[PDB]
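**Q**
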Ligand SMILES: *[C@@H]1O[C@H](CO)[C@@H](O[C@@H]2O[C@H](CO)[C@@H](O)[C@H](O)[C@H]2NC(C)=O)[C@H](O)[C@H]1NC(C)=O
Ligand SMILES: *[C@@H]1O[C@H](CO)[C@@H](O[C@@H]2O[C@H](CO)[C@@H](O)[C@H](O)[C@H]2NC(C)=O)[C@H](O)[C@H]1NC(C)=O
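Here is the structure:
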């Protein structure tokens, strides 16, 4: 796990990867993974 | 007077910002300041830039811009706010902190190309070039400290009225721009390429510091440090593009201080403060 | 009204605050008028006028541009409409141009109007009653020409004095001649407290004793401090060059900070700068 | 020798402060301050 | 020797009328000392004789009756008191006052008297003495002054003002405005006959002048909103023949001021441009003229019921209450008001009717006007 | 022609009295108010 945060920081990450919890009542997979496409508003394109 | 640790923090933060390509990156900041122009109303056919130049809102807009930069940098991780470069004193030679393209990291026992030396523009893939005139630095005057802009700032720092301050404040602000841009248009001398230059930050920090000095310069004379009476027709609207929310003005603090009136109470609204409210090795308490 | 009783009327008029509108204007070709409208939010509509004035113009007229702004009063219509006197952010003015022959001109021919509010002269005193005298100390690396010259001249003036409050006499407290605990006792020694629990107190009272005297002697700022915790690859030149060149008089003076000599023993003191490891770096910078 | 008065010591402002027990609140007894109580670019909380 | 080169005491470019809370120490003390000085000294600026126009001994004659014919129920009410307050302001600024008298609005939910009346040492506002009959006037506040049962903690007079501003024509404003003018006088006078509920003792208290300043302010509000709505805003189209007579005693030869003498008429009184007095911020609860129109619109867009009256004078002062009792005789309070009167007045008359909104009681008690019900009206004197 | 022709302005005298601030030397105190320190310093700095 340690081997990746420094790599992301070098590749320009403002925050490190957080953890996934299930202690609270879990119903569906969290939304950060559900979507597949967004709009940049910087190149009039999309990105998966 | 910055220390080695502060230099390391600043250099790592700038190296970080000059590599990502998110909505909070160096290219993004260039976009906010200048071309591509998406102001004031993006869906309008006419294209305009948000760099309000030639009115009373120039100091407020640039102060809020520096506030956004400070928040981004401290999120990146730094121990001090972005320092200011003062040019009022006649420097013998240009400081090497950003002049030297190679910065020695002692903690990692290595060397890194300094990101403060310059940068490159995204949508043209050409590197912005840095020009200098050591003659301008040598310009001192008969008394040495009576430099070319010394008299100008002195003449600026006594106008009791507010709206007659900016009229020479702007010319003072663009004086350094001319003194550093050089012949090339792809440099500090042109509006379209201003956030591609790191020294932009230093100079505008110095300008904000001078404005802060005036904040109590007028206060000693006993008036309102947050008065914009003679600009009501222009203060009615929030500053662009900071009036927007997503996806550009991502920072909630900037979003909720997007108003131009409340930006004056900076000492208690942004927890950042210049250590020496001072001009050229002498404090204003006898400049009065 | 004759001369000696309208001045107080004018003062009374200026006493209260008023609203205003600012114009900039030049030759347009033919004399015409201007029209003011107060566009107020509900959307927004613009029908009620505030006031008007005119400009003079003819095809034979000399082209000209004015220098300073022109002031007009809209206080009466603004107050009658009854919005906020001072917080007038939402009021927006509208410009209409009426020609002499009944024609109109697009408002873009003239510059966009501004709006200005001025407070009344109810203010009596403005200047601060009194300031506060506090000294502030800064590092040796952050000095400028003015105060640096001030400090160097103050020190060179103090050094060559031979009075009771002279540099030699003041610095004689530390060591020879011994004056402690008191000359009356047949035993004489110095009392530079060392190893005891009053070390900081003694060495701070000593520094303040120099500092206040030198400030009276003509320094605008407190004594600079040569912090040594950080590395020093090359020591500052502030205390290296014997000759300091004043910018004002273009004169060369032996810098007191560079060196000094002992009075009652008349033997020059040198400085042993062992550069072997005074420029330490360690193994983590 | 600061306990001694004239002619050994001339200034009066330290005579009333010759007591070592009350020379700690310099902010109120000597009206001289620092730019910042920093240490090699490190402030109080970080140094702590 | 030296020359003074002073005086000539020009009275022109009259200043502003600020609120009670917008005053500072110097202006407050100047106003109070000026009021005390003009109350003491006699003459053209004589406060006592200038105030004698509302009471003892009376200075007007009608059909062998000696009265103080200050119009107090006819159709020329506002302008008489406007000129009265203008005369007082001119007199006080002639001797060297600072600004015009302030106005103490009541439409806020104030729970007590303002700070001006709470002072104790050498403040003329606290008491009034008349040498003609040698006694001290007294104030009698009542608990209902700070309590409003019809709607709640909102000010009582807000409903009256909103039901006064909807209409357009002029001579249907006084009918709903004089009641509000006199009810406050009656309440502040209270049980003590030596106060403001009466007429002879109602002129030697600065509270009277403050109240009249406020009512002039609200009249100006009405004028401004009418101007915005786009109707007549300098005259009236009804009952002309009483709007031409001289506004006595201001047309006597005992008028120290000159300007009001020639234009002491009715029609020319509708414009205060020449009188030189002006207000600072005539906003209403911070709600401005671009807001009052739709506030009134949303108030009047619904169904309401009105308990209309035809008021008349009886040469006496007493409060009025009315109670609603249904078929089962469940008597309950619905509203109340007052009326102005005294032994030293003439028998006035209201040209038009009087209105009062009573929708709340009907809507709460399901008393739609198809049922049978009645109102009992009690005329309670100041001594019960 | 792209810039308007300029004019000249004359900022006049300002006869208001000002209280200048100077170090507590080159300021002429009164003789009686002088203290022992000042007297000794003056006499030494003259006899020198
Ligand atoms: C009112 O006067 C203006 C000013 O002369 C007229 O505008 C000019 O019109 C002539 C011909 O009509 C043109 O050649 C000029 O170029 C116009 N100049 C400007 C500044 O507008 C206008 O035409 C007149 N009104 C009418 C109805 O003719
Ligand atoms: C006290 O109550 C009496 C009873 O109503 C009031 O007397 C009225 O007013 C005058 C006073 O003498 C007379 O016309 C009659 O006695 C009563 N008239 C009416 C129409 O009721 C008396 O005025 C009250 N006291 C005060 C100070 O008003």
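Residue numbers (the entry's author numbering), protein chains in the order written: chain A, 2162 to 2209; chain B, 1682 to 1969; chain C, 1538 to 1579, 1583 to 1825; chain D, 1922 to 1969; chain E, 2498 to 2881; chain F, 2066 to 2113. Built from N, CA and C at the ideal position, the CB exists for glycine as well.
(1) Report the residues of the region 1748 to 1765 of chain C with a CB closer than 7 Å to any CB of chain F, ordered along the chain.
(2) If you measure from the CB of residue 2760 of chain E, is any heavy atom of ligand 2 nearer than 6 Å?
(3) Note down, in chain order, all residues in the region 1663 to 1686 of chain C with a beta-carbon under 7 Å from any beta-carbon belonging to chain E.
(4) Tell me the start and end of each unbroken alpha helix (DSSP H) in the region 2849 to 2877 of chain E that is at least 4 residues and wholly inside, in chain order.
(5) Return the Cβ separation of residue 1760 of chain B and residue 1682 of chain B in integer angstroms, given the expectation that the two are a contact with Cβ distance under 8 Å.
(6) Can you list, in chain order, the residues of its chain with a C-beta nearer than 6 Å to that of residue 1636 of chain C? Leave out the 5 residues immediately preceding and following it.
(7) Does the beta carbon of residue 2835 of chain E fall short of 6 Å from some heavy atom of ligand 2?
(8) For ligand 1, list every residue whose C-beta falls under 6 Å from any of its heavy atoms, going in chain order.
(9) Closer than 7 Å, Cβ to Cβ, to anything on chain D: give me those residues from the region 1712 to 1732 of chain C, in chain order.
(10) Going along the region 1584 to 1612 of chain C in order, which residues come within less than 7 Å of chain F, judged by CB to CB distance?
(11) Thinking C-beta only, is residue 1931 of chain D closer than 7 Å to residue 1777 of chain C?
(12) Can you list, in chain order, the stretches of the alpha helix (DSSP H) that have 4 or more residues and sit fully within the region 1700 to 1731 of chain C?
(13) For residue 2072 of chain F, return the contacting residues in chain C, with the cut-off set at a CB-CB distance below 9 Å.
(14) With DSSP run on the structure shown, which of helix, strand or coil describes residue 2677 of chain E?
(15) At a threshold of 6 Å, does residue 2731 of chain E count as lining ligand 2 (C-beta to nearest heavy atom)?
(16) If you follow the beta strand (DSSP E) that residue 1947 of chain B is in, where does it begin and where does it stop?
(17) Considering just the uninterrupted stretch of the beta strand (DSSP E) at residue 1953 of chain D, what are its terminal residues?
(18) Does any residue of chain B bring its CB to less than 7 Å from the CB of residue 2202 of chain A?
(19) Does ligand 2 have even one heavy atom less than 6 Å from the beta-carbon of residue 2746 of chain E?
(20) Can you tell me which of E/2715, E/2844, E/2691 and E/2689 puts its alpha carbon nearest to the alpha carbon of residue 2776 of chain E?
(21) What residues sit near ligand 2, counting only those whose C-beta is closer than 7 Å to one of its heavy atoms, in chain order?
(22) According to a CB-to-CB cut-off of less than 7 Å, which residues of the region 1697 to 1710 of chain C neighbour chain F?
(23) Which residues, in order along the region 2095 to 2109 of chain F, keep a beta-carbon less than 7 Å from a beta-carbon of chain C?
(24) Hey, how far is the Cα of residue 1556 of chain C from the Cα of residue 2702 of chain E?
(25) Could you spell out the range, first to last residue, of the beta strand (DSSP E) harbouring residue 2558 of chain E?
(26) Say the cut is 6 Å; is the CB of residue 1895 of chain B nearer than that to a heavy atom of ligand 3?
(27) So, helix, strand or coil for residue 1911 of chain B, using DSSP?
(28) Skipping 5 residues on each side, what residues in its chain have a beta carbon closer than 7 Å to that of residue 1877 of chain B?
(29) Contact between the region 1616 to 1631 of chain C and the region 2711 to 2726 of chain E is defined here as three or more beta-carbon pairs at a separation below 8 Å; is this criterion met?
(30) Give, in chain order, every unbroken run of the beta strand (DSSP E) that is at least 3 residues long and sits entirely within the region 2728 to 2808 of chain E.
(31) Specify the secondary structure class of residue 1943 of chain D as computed by DSSP and reduced to three states.
(32) Taking residue 1928 of chain B as the query, report the chain A residues whose CB atoms sit under 7 Å from its CB, ordered along the chain.
(33) Would you report the Cα separation of residue 2661 of chain E and residue 2699 of chain E, rounded to the nearest angstrom?
(34) Give me the residue from B/1965, B/1824 and B/1927 with the minimum Cα distance to residue 1789 of chain C.
(35) Helix, strand or coil for residue 2820 of chain E per DSSP?
**A** A quick look at the data gives this:
(1) Flagged, chain order: 1756, 1757 and 1758.
(2) Locating residue 2760 of chain E in the fifth chain gives position 263, where the first residue counts as 1. False, no ligand heavy atom lies under 6 Å from that Cβ.
(3) Result list empty, no residue passes.
(4) Entirely contained in the region 2849 to 2877 of chain E, the alpha helix (DSSP H) runs reaching 4 residues are, in chain order, 2856 to 2862.
(5) Sequence index remark: in the second chain, residue 1760 of chain B carries index 79 (1-based). Sequence index remark: in the second chain, residue 1682 of chain B carries index 1 (1-based). That pair is no contact at about 14 Å.
(6) Here the question's residue 1636 of chain C lines up with position 96 in the third chain. The beta carbon of residue 1636 of chain C lies closer than 6 Å to those of 1572 in the same chain, with the five residues before and after it left out.
(7) Counting from 1 along the fifth chain, the entry for residue 2835 of chain E is found at position 338. No; taking the cut-off as 6 Å, the Cβ of residue 2835 of chain E has no heavy atom of ligand 2 nearer than that.
(8) Chain-ordered, the residues whose CB falls short of 6 Å from any heavy atom of ligand 1 come out as C/1566, C/1567, C/1639, C/1641 and C/1643.
(9) Answer set for the region 1712 to 1732 of chain C: 1713, 1719 and 1720.
(10) So the list reads 1605 and 1607, given in the order they occur along the chain.
(11) In the third chain, residue 1777 of chain C corresponds to position 237, counting from 1. In the fourth chain, residue 1931 of chain D corresponds to position 10, counting from 1. Not in contact: residue 1777 of chain C and residue 1931 of chain D (Cβ atoms no closer than 7 Å).
(12) Inside the region 1700 to 1731 of chain C, DSSP marks whole alpha helix (DSSP H) runs of 4 or more residues at positions 1707 to 1711, from first to last along the chain.
(13) By one-based count along the sixth chain, residue 2072 of chain F stands at place 7. Neighbours of residue 2072 of chain F on chain C, chain order: 1607.
(14) By one-based count along the fifth chain, residue 2677 of chain E stands at place 180. In the structure shown, residue 2677 of chain E adopts helical secondary structure according to DSSP, grouped into three states.
(15) Looking up residue 2731 of chain E in the fifth chain gives position 234. Outside the cutoff, so no.
(16) In the second chain, counting from the first residue as 1, residue 1947 of chain B sits at position 266. Counting along the chain, residue 1947 of chain B falls outside any beta strand (DSSP E), though it belongs to the alpha helix (DSSP H) covering 1947 to 1950.
(17) For the purposes of this step, residue 1953 of chain D is taken as the residue at position 32 of the fourth chain. 1953 to 1955 is the span of the beta strand (DSSP E), which, as asked, contains residue 1953 of chain D.
(18) Position 41 of the first chain, counted from the first residue, corresponds to residue 2202 of chain A. It does: the Cβ of residue 2202 of chain A has a partner Cβ on chain B nearer than 7 Å.
(19) Numbered from 1 along the fifth chain, position 249 holds the residue referred to as residue 2746 of chain E. Not under cutoff, so the answer is no.
(20) For this step, residue 2776 of chain E is matched to residue 279 along the fifth chain. Out of E/2715, E/2844, E/2691 and E/2689, the CA that lies nearest to the CA of residue 2776 of chain E is found in E/2715.
(21) A residue is listed when its beta-carbon falls short of 7 Å from at least one non-hydrogen atom of ligand 2; in chain order these are E/2690, E/2811, E/2813, E/2814, E/2878, E/2879 and E/2880.
(22) Answer in chain order: 1701, 1702, 1703, 1704 and 1705.
(23) Within the region 2095 to 2109 of chain F, the residues whose Cβ lies closer than 7 Å to any Cβ of chain C are, in chain order, 2102, 2105, 2106 and 2109.
(24) As a position in the third chain, residue 1556 of chain C is number 19, starting the count at 1. As a position in the fifth chain, residue 2702 of chain E is number 205, starting the count at 1. Answer to the nearest angstrom: the Cα atoms are 36 Å apart.
(25) In the fifth chain, residue 2558 of chain E corresponds to position 61, counting from 1. Counting along the chain, the beta strand (DSSP E) containing residue 2558 of chain E begins and ends at 2557 to 2559.
(26) Of the ligands this structure carries, namely ligand 1 and ligand 2, none is ligand 3.
(27) Mapped onto the second chain, residue 1911 of chain B falls at position 230. Taken through DSSP and simplified to helix, strand or coil, residue 1911 of chain B comes out as helix.
(28) Here residue 1877 of chain B is taken as the residue at index 196 of the second chain, counted from 1. Contacts found: 1711, 1800, 1802 and 1809.
(29) The region 1616 to 1631 of chain C is in contact with the region 2711 to 2726 of chain E.
(30) For the region 2728 to 2808 of chain E, not a single whole beta strand (DSSP E) run of length 3 or above is found.
(31) As a first step, residue 1943 of chain D must be located in the fourth chain, where it is residue number 22. The three-state secondary structure of residue 1943 of chain D, taken from DSSP, is helix.
(32) Numbered from 1 along the second chain, position 247 holds the residue referred to as residue 1928 of chain B. Per Cβ cutoff of 7 Å: 2202.
(33) Along the fifth chain, one-based indexing puts residue 2661 of chain E at 164. Along the fifth chain, one-based indexing puts residue 2699 of chain E at 202. The straight-line gap from Cα to Cα measures roughly 25 Å.
(34) As a first step, residue 1789 of chain C is located in the third chain; it is residue number 249 there, counting from the start. Nearest in C-alpha terms to residue 1789 of chain C, of all of B/1965, B/1824 and B/1927, is B/1824.
(35) Position 323 of the fifth chain, counted from the start, is the residue given in the question as residue 2820 of chain E. Note: residue 2820 of chain E maps to strand in three-state DSSP.
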